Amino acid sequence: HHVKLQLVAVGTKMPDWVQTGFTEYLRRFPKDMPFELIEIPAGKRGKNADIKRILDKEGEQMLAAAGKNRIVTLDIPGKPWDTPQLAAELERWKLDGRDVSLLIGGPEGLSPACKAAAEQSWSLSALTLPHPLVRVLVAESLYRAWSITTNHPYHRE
C-alpha cells in the first residue's frame, strides 16, 4: 500500500551543507514512499572506554528502531548494487510490503548483532566514507532509483 524507507543512523548534528542536501532529496520522495530519518544516540567515546560495549549498546537501539522491518545494512563489504539493480531492489521491497530500515553505523561501524540481523547488505563504495556523506548518498541513490520506477524525469541523464 505504501513503503517507508527509514534510515536508522548513529550520530547527530551534521554539517549544514549536509543537512541541507539530505533534506533536499528527502522532501522529493512521494507520499506513498516516504523517506525518514531515525537517529540513534552515539555512545560516549573517551579514554579507557569499552568500544565493544558501546557498539553493542548502539546496535540494540538500532534493532529496537527497526522492529519487524526489512533490515538492510549499509556496509562496505555488502552488495555493490548499480543503479538499475537498486531500482529492482526497491521494486522488491515494494512487493515485500514491509517498511525498510536502512542501518548506518557510527564511528566504529555496525555491531555484530546488526550484521547478523541484516536481510540484505548494501555497499555504496569501496571507500571508507564519512557518515554524513553516506546519509546524502543513500537519499540520492534511492531517489534516483525511485524515479526510474515511476519514469520520472530526474533519472533521464
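Residue numbers run from 1 along the displayed sequence.
- Averaged over Cα atoms, the B-factor as recorded in the entry is higher for 14-22 than for the other of 14-22 and 136-144.
- Stretch comparison (122-130 versus 66-74) by mean CA B-factor in the PDB entry places 66-74 on top.
- The maximum CA B-factor among the listed residues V100, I104, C114, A42, taken from the PDB record, is found at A42.
- Among the modelled residues of the chain, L37 sits in the middle third by CA temperature factor in this PDB entry.
- When the modelled residues of the chain are ordered by C-alpha B-factor, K52 sits in the highest third.
- For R27, the recorded CA B-factor ranks within the lowest third of the chain. Only modelled residues enter the ranking.
- Annotation for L90: C-alpha temperature factor in the lowest third relative to the rest of the modelled chain, per the entry.
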